[PDB]
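Just below is one structure, and these are the notes that go with it.
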């Protein structure tokens, strides 16, 4: 008389969770396909400027080997020694002046930081 | 005036950074969120601040400021019929403002700056005025709330404010030197108010219960101690004392109390209690309530806040009774503070200076002459709850050496439907000898002798219980049967008292004196009869008993006539007895 | 790593009557046995290792005297395995750490033992672990903290001691291996508190973790009454879940008989307070019956001779039969006292010689002796009328 | 996200990092090590020179070069939702039953805001717990803090499970009539083991109580700071539910002793001077903050009632933890080892068990009007029966009067039936009727604490259903 | 000290009851001192020189007035010399330690000067390991005829058993011999109370082929009867003597005769057979059915002897 | 007995299908929105 | 009963003495190491 509503509720919740994880996978798909479109330089410049403004006195602007053309001039004029790294896809890595601190600024970092805040509006737009 | 930043948040309620001009024991707003803190340790540029609320969420770099003042309470009109927390904050306005929860970092004024009061000046420009002299007159719930010059102010009046009607911030009187006397003022909590002289306890404080007012009297300005067993109805006794005493003003203070205290401390007092004259009792009542989960600093400072208010109202020109709800929780808060300050324990983890604090608190009470020449008195009735009913714990030790009277409660006494459940064996009072002359000159010359006789009868009745229980009462001898019966009659018709009844709730001195006189006259006639040969059973059914035991529920006006006619009935009983 | 945790449902045999009856321990359970020196912890551990039912036994001597280890080493090659009959040394693995060995090796030995136990569990066996001492472990931890200059917790012990003990004990259990095989590990922990203080922090941290608790007392040890289990202060929490296994394996009504025995002991213990103020003579006959029945149970069912070659190992069925005849005799004595028969003649009844001497009878001959005892007990009360 | 490298010190559960000015007090951080594993830790100190991090996990993979530190939250919060009913969490907010993470309606601080005293009101309605001894002698009331005192071997967990899966209210008994009040239970586990965890899973699943149940589970081997965090999370969930959806929440705390041990060890880990009995001097205020955030308020229909469960360390009542509990709570229910040994379930000892607000929870409109007098009479009668039972062991039933033998029989029947209710579920009416039947054994007129009207109304019924029916 | 001296004087194996070995070479006594007083030292020296054994006994004296720290080295040197002797030339060595209390004093002082983490009452927290470095340097070795036996002497301060030193020692050692003050006050020597005493290697030193086989049963029966007598004394302390039954008075007589005769010996030297005959005579008092722990054959062939047949 | 559990299931799959199909028509706008906030 | 009270209070006093001793020792060592680490800075 009671197990039925429990199983119904858990099936509803797991279906909603499956839909939400599908939405997250779609979001990841949309994010990882960005660099081919020529809007990549704008994204990398936004990330570089926000990283540098959040880290006063940065000495270096770590980036990808394939992301030099869109950020080299900005890094040079900021007065830093930029270098390449196969890591930090979809973002840039600022380095503190002392060398003991850094800020890593890949898009996936922001995505899974703000996913918990997203969940409410995602739910109320998907079903509200 | 001094501002700094935060350097080291070492944990809960600990701050430190360069605050050169800060002085010891000053209240400090801390952080951009404005948390209240106290400076306890100055070293070089830096100083340490202890915060009341938990320091969670803060970080280095937040500005820190000092108020340049120690802990103090605002004293002015509008404090009656109010409710305050441990640090004198209005609870009802806080509820209206921030909702059901007490959010950290909220700012409130103890005295409302909007309500206007009808001012009545008493001096003209050019008159000399010193601290402690009366200056203005304001009505507040039936009686005048006078205006007093601050204790440390002396000068000559430049000009006064006209009669009018003004808010609390309005400065009524300006001295010739230019200072402005506002309608209120503040006084640091850890400095007793100055007094001209201290007088002696030569007059009794009439509680309203025959057992208290007779067997263990308390004078105007004494101290009393009661244990806190559950089921003895301490609430009933406290309410009866609050609404039936001769004290002009009643102040209730509760620190570190259990969660369900409002149940009896915040519903009955506003409504269920009505004075002998007027409507609600609340109109002449002031509360300091502080539940368990409040920050420890309030739980420690509430006692000082209450006693400071009491001293204010004593210098006001009234008589004030102060009731500390519980001191065991207060010592608990003291021990917690000690553990915060890392001072080594003395016994059972208590700080060594506990007795000093208890003395410094309990000595503030008394009957003194105000700075304005008037007479007032603060009388304290402190409650202590032993951890397991044992007096051997140190706080009870320090209390019993400074109290003049220590009444005894017991749940077993109320278990046999006897009220009030005040034990009459272990209790003692040291006001008896000093109050003897006034008792003689206002009640009866032999009144102390009657009290001694009743004490002797009680002692005799106590010394015979075991031979009764072991053997059986009805099998004893006629003299012992008589003494048992008379002791039982006394303990069930004179010590006992209903509180809820309209008539029995209050009893004057002479009513009790006449009741004792009638009882002892009957005892003498009974002794004469039993020595003569008449047995106990006839005495058990004499017509005088059902009338003398019924004297409790007669009004004060009829008592002389009822007393004389019952004395004549006793005389006629012996004529039948012999 | 383990695939899944399974609820314990099968008892772990010990060979001792009192342990395997009144305070059972499941297959994957844990049991602490604290006590002062002289209670005979070495004999207890040796007997438990010898007469268990698990295939592989792991012995861990965390900081103890080497002479007992040498005795074990020179003794086991002369004992046949109760299960297979081979030399007991083959199924036994020892970890040696004498007291004079370096301090920092005790924790390493303990962890090595528990890890090897987990390995043999993963191979699909039954593993019984004998941590011979944990107080030595705690003392080594404290000694390290001494020259580490930390801020020590209660009684100079480091704060993380409770967490370390919890991590050590929690590894035990009955699980399904990564290869989908059933196995279990049993831990028999021993505590040597300073001066027999059961209120010390380590023992108290134990009581909040382990599911079975055993205790030893000095007064019984002085009387030489081994195992010297202080019955009042010892309890087990695996009794409830073991009922169906008992019913299917030993006897359907066995748990009820055990609970009746416990009830008798409880009533005797309650009467002892009045006994220790009035004396046994002032009591009624029917209560002297309770006292003497309790004495019979204490000195004929709980007591076990750890060196007798026939009573060293005892089966559960034998103890069940002993309890059955004891309770039957007590009920008949109650019925007889109901008929005005006094207690003094009961104590002179000769069947009590059989009752006392019963436990020395061999494993297989026991049913015949039990039948003779039943008929003799019935006749001793019925024939007198 | 900002990364703080520069590890300078590693010892036990603490490690230092430099230039961490942007780490607020109490902030929670993660640790990315050489192997890449993500650990957890809370900042317990901050200064311009450096900051202190306490790590609630093992530290057998760290170093001074490859280790990195980053922030995850300014203050430890908790995401909550109403749909959490039926889920189980590991004490730091992680679901463990195997379903995707919930959607949080709003995130809240774990340490709640203390309640304004003027908001509270006098509790007036009871709860039918289902246990006859509780429901008659120690009647639980809404908004009460009623602890249970356990023993070394006494089964507190089974009692908690039965209470949780049998609890309900009685609107029909009052003037409410119909059922409209939503009801739920928040269950807290601190310092439990594998056996207890499995037993709790089975108990809350087999009988179908999970769908209205919330569980917070923390193993014993799991880190201490999680055990510290768990009760605060439970209380936060309870308060939010009660004061935003009018539920009545029945909070259970399986262990306060393990909580106190973890708190003591954590406090000692920061090099703080211990107080009385080696426990922190502030344990009283912490216990108060856990307990005191429960009650009834004005203008709202919610009500939080709390039943912490603790085991007396050595069957003693002078230990600091039960002493503080007695200071804070409003009575206790003292379990007795004797009845458990004798075979009775549940072993509740009526002689020392006592409630405080029960005087305002029984009576007409709230219950039937014979509750209080029957309770007092039963208590006194049982005391007399026990005393006379101990007396008969030396005198003998022959040399006793009638009332002594009647007390002996009444006490035996009382302890055989009224307290030995087993796994069965009773109502308040059945408990009252059984009490009336048991009191019917005693001769009339002896019931000095009972008025004539109720005697005439109810006396005469004897024990009928208990032996003929389950 | 007198007990130690007497034990050293009279100690000898009994190969005739075993048949192995026939040399019976007397033991080599090793004396190690830790703050001994002058009176006790004179007593020991006079005894050892009277016994005719000083020609084969190494003495390591360390008086009270001597420097405190030197106490830390004398036990180690004595043990090293004893081990070297026993395992290089198969000498049978018995070692005597004068006092462990002074050892604990010196160890606690040196630890507190270094300000370590103390123990229960200020003793160093590694005292268990420190004592294990001493006591375990004892025993026997496979394949060698040597032997090392330790007879330490320590003093419980307040006649106490919960004190750290005796507790740790009992944890480390295999049993101990405890004295009693009440027996000493009543003029009994030696005041050895058999209740608290214990020896864990008892089972390996008895049985058929070593001394006699009925050793174990006699010993356990004696313990049982003595415990019964003690409990009956405790009961008599309240209930008096009148309410005692016949068998309770029997147990009381057994207990007091046991204390007066079996324990009290007055420096005389007894063999195992004399003590066994005395024990059988004592056990003859109790009813023959109360010996539930004793096999029938031993009772049949040893029971009935009367006390006065031993002495008049 | 078990027909009650039968339509327990039947409406459980009914609700699961209902929520899945209701959500499947509301995916593009949610993806675009989320991508919009996450991209600065 | 009075003898029992005497023994109880004696043992209580002794245990309080030991508690005070060890807590003073702990505070002293904490202060000493604090001062030495600070002067070593």
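Residue numbers (PDB author numbering), protein chains in the order written: chain L, 61 to 188; chain B, 1 to 578; chain A, 194 to 578; chain D, 5 to 474; chain F, 161 to 472; chain K, 81 to 120; chain G, 169 to 209. All residues carry an ideal CB built from backbone N, CA and C; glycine is no exception.
- Item | Below-8 Å beta-carbon distance, residue 329 of chain A vs any chain D residue | Between residue 329 of chain A and chain D, the shortest Cβ-Cβ separation is not below 8 Å.
- Of the choices B/382, B/322, B/350, B/539, whose alpha-carbon is the least far from that of residue 333 of chain B? Ranking B/382, B/322, B/350, B/539 by Cα distance to residue 333 of chain B puts B/350 first.
- Message: Just list the residues that DSSP pairs residue 544 of chain B with in beta bridges.
- Response: Per DSSP, none; premise fails for residue 544 of chain B.
- Query: Which residues in the same chain have their Cβ closer than 6 Å to the Cβ of residue 140 of chain B, if we skip the five residues on either side of it in sequence?
  - Reply: Taking residue 140 of chain B as the centre and dropping the five residues before and after it, the same chain places the C-beta of 77, 80 closer than 6 Å to its C-beta, in chain order.
- Using a C-beta to C-beta distance shorter than 7 Å, which residues of chain D count as neighbours of residue 630 of chain B? There is no way to answer for residue 630 of chain B, as the model of chain B reaches only from 1 to 578.
- Task: Give, in chain order, every unbroken run of the alpha helix (DSSP H) that is at least 4 residues long and sits entirely within the stretch 471–533 of chain A.
- Result: Considered as a whole, the stretch 471–533 of chain A harbours 478–490, 509–530 as its complete alpha helix (DSSP H) runs of no fewer than 4 residues, in chain order.
- Buried or exposed: residue 257 of chain F, going by 16 or more other Cβ atoms within 10 Å of its Cβ? Classification for residue 257 of chain F: buried.
- Message: Going by DSSP in three states, residue 291 of chain F sits in which element: helix, strand or coil?
- Response: In the three-state reduction of the DSSP assignment, residue 291 of chain F falls in the helix class.
- Item | Contact with chain D by residue 164 of chain L, beta-carbon distance below 8 Å | Put simply, the CB of residue 164 of chain L is near chain D, with a gap under 8 Å to one of its CB atoms.
- Query: Is residue 148 of chain D closer than 8 Å to residue 361 of chain D when the C-beta atoms are compared?
  - Reply: Contact flag set, yes.
- Message: What would DSSP say about residue 273 of chain D, mapped onto helix, strand or coil?
- Response: Helix at residue 273 of chain D.
- Taking the alpha-carbon positions, what's the residue 219 of chain F to residue 190 of chain F distance? Answer to the nearest angstrom: the Cα atoms are 6 Å apart.
- Message: Assuming residue 252 of chain F and residue 307 of chain F are in contact, meaning their beta carbons sit under 8 Å apart, how far apart are those beta carbons, in whole angstroms?
- Response: Indeed they touch by this definition, with Cβ atoms about 5 Å apart.
- Closer than 6 Å by C-beta to residue 111 of chain D: which residues in its own chain qualify, once you throw out the five before and the five after it? Chain order, please. Only 81, 83 meet the Cβ criterion.
- Rounded to a whole number of angstroms, what is the C-alpha to C-alpha distance between residue 242 of chain F and residue 305 of chain F? The C-alpha of residue 305 of chain F is placed about 14 Å away from the C-alpha of residue 242 of chain F.
- Query: Among the residues of its own chain, which have a CB less than 6 Å from the CB of residue 202 of chain D, if the five just before and after it don't count?
  - Reply: The beta carbon of residue 202 of chain D sits closer than 6 Å to none of the beta carbons in its chain outside the five residues before and after it.
- Message: Does the structure place the stretch 531–545 of chain A close enough to the stretch 444–461 of chain F that three or more beta carbon pairs sit under 8 Å?
- Response: Contact annotation: the stretch 444–461 of chain F does not touch the stretch 531–545 of chain A, with fewer than three C-beta pairs closer than 8 Å.
- Task: May I have a chain-ordered list of the alpha helix (DSSP H) segments no shorter than 4 residues that lie completely inside the stretch 282–326 of chain D?
- Result: Entirely contained in the stretch 282–326 of chain D, the alpha helix (DSSP H) runs reaching 4 residues are, in chain order, 287–295.
- Query: Quick one: Cα of residue 196 of chain F to Cα of residue 226 of chain F, how far?
  - Reply: Cα-Cα distance, rounded: 10 Å.
- Query: Pick from L/147, L/103, L/155: whose alpha carbon is nearest that of residue 131 of chain L?
  - Reply: Among L/147, L/103, L/155, the Cα nearest to that of residue 131 of chain L is on L/103.
- Message: Taking contact to mean 3 or more Cβ pairs, one atom from each stretch, closer than 8 Å, check whether the stretch 400–419 of chain F and the stretch 89–102 of chain K are in contact.
- Response: As far as the Cβ criterion goes, the stretch 400–419 of chain F does not touch the stretch 89–102 of chain K, which means the pair count is below three.
- Message: For residue 86 of chain D, would you say it is in contact with chain L, using Cβ-to-Cβ distances shorter than 8 Å as the test?
- Response: False, the Cβ-Cβ gap to chain L never drops below 8 Å.
- Query: Using CA coordinates, which residue listed in D/397, D/187, D/386 is at the minimum distance from residue 353 of chain D?
  - Reply: Answer by Cα proximity: D/386.
- Item | Residues, ordered as in the chain, of the stretch 29–49 of chain D that lie near chain L by beta-carbon distance below 7 Å | If the cut-off is 7 Å between Cβ atoms, the stretch 29–49 of chain D has nothing near chain L.
- Query: What residues from the stretch 317–348 of chain B come within 8 Å of chain G, judged by C-beta to C-beta, listed N to C?
  - Reply: Correct list: 342, 344, 345, 347, 348.
- Message: Tell me the rounded alpha-carbon separation between residue 165 of chain B and residue 501 of chain B.
- Response: Looking at the two C-alpha atoms, the distance is approximately 43 Å.
- Message: In the DSSP output, which residue or residues are listed as bridge partners for residue 206 of chain F?
- Response: In the DSSP output, where bridge partners are listed per residue, residue 206 of chain F has none listed.
- Task: Compute the distance between the beta-carbons of residue 340 of chain D and residue 8 of chain B, then report whether it is under 8 Å.
- Result: Against a cut-off of 8 Å, the Cβ pair of residue 8 of chain B and residue 340 of chain D comes out as no contact.
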